[PDB]
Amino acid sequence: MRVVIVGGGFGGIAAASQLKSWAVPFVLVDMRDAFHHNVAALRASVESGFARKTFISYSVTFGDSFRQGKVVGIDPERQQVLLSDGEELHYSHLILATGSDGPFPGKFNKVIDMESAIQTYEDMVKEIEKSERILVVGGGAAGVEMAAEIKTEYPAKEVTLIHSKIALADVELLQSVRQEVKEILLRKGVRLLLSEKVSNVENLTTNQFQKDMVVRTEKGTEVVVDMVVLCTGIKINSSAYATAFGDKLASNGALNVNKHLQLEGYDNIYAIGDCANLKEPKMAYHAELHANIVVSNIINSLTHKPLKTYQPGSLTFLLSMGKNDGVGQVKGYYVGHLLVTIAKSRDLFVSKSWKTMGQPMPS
């Protein structure tokens, strides 16, 4: 028997770690040879020396249970995972944990080695350093984070953020929250260009210092900057499984699962993390909760016992998450509950990934 995990993200490494703890045979597959703590990728593209903390070697943790490769197909009938180098991996159980993909710096999902990936982010750090004026394209989570991280490291730089909507950040967020994102950026001094769409975006020179670049919008508006960072358009990564289940995907590319996180047509394929079509926000935190359920259900499948149900609204959230302030912001109420915001821990929980991987953080 063999559990194959496609995707070594937050979900995948949680599932692999747990399968190893249970001594279930498995192979974890990822394009990269290192786990990417992608939440901290924007900080890594700004703050010198930080990128080394955001990649963690898979093989050091998992040895022969890790296999680097780019999955270009899944055959659910013969139970094969098909790689871009022609090899095929049979499975008895398949966990799809393929996450979301988008432009660098926000995402870095490609076939690359750890040192080269760290050096790609370090190169970006020097380009940022060189540039007095920087445009960020995209007002979603990655763009807001990039604007904020630049102004944190370099409070005197001129940062402009352009965004096609009326308000920043994900529509599913409370507008009270969207407006607060605007106000957080304005407090840091970022200049906002909302409802404002870059024209001929494909001709931009990105991730590079270049004096006096002129960026035009569809409104004819112009700004002159020394570097352009693309933070538009993170979408669920269906590359592994599109040819097998494309006709059955949700609109956004996510996989439809039952209450046990099994794919609807199968009892031995599961989806976790962003790529599962759940009615919950796509977070690293939930990807890990999904992994617990799926590993439990693989165990129960071996033992012919009843499967566990994924309960959204897990109560396992404590002061450990967030900071130690104990402070919050009341944002609303409803039956039995209050809505609150708390500050993220400003290490962006990097240390938890090194803990999960059983590796000391770099010196």
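Each residue number is its position in the shown sequence, starting from 1.
In this entry, the higher average B-factor at the C-alpha atoms falls on 279-287, of the pair 95-103 and 279-287. Just going by the entry, 221-229 versus 265-273 on mean CA temperature factor gives the higher value to 221-229. In this structure the maximum Cα B-factor among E77, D170, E149, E88 is found at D170. Highest CA B-factor among the listed residues (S57, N38, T316, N297): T316. Per the deposited record, the Cα B-factor of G73 falls in the lowest third when ranked against the other modelled residues of its chain.
When all modelled residues of the chain are sorted by CA temperature factor, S164 is found within the highest third. In the PDB entry, a CA B factor belonging to the highest third of its chain's modelled residues is recorded for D325. Among the modelled residues of its chain, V350 has a C-alpha B-factor that falls in the middle third, as given in the PDB entry. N256: CA B factor in the lowest third of modelled residues in this chain (values from the PDB entry).
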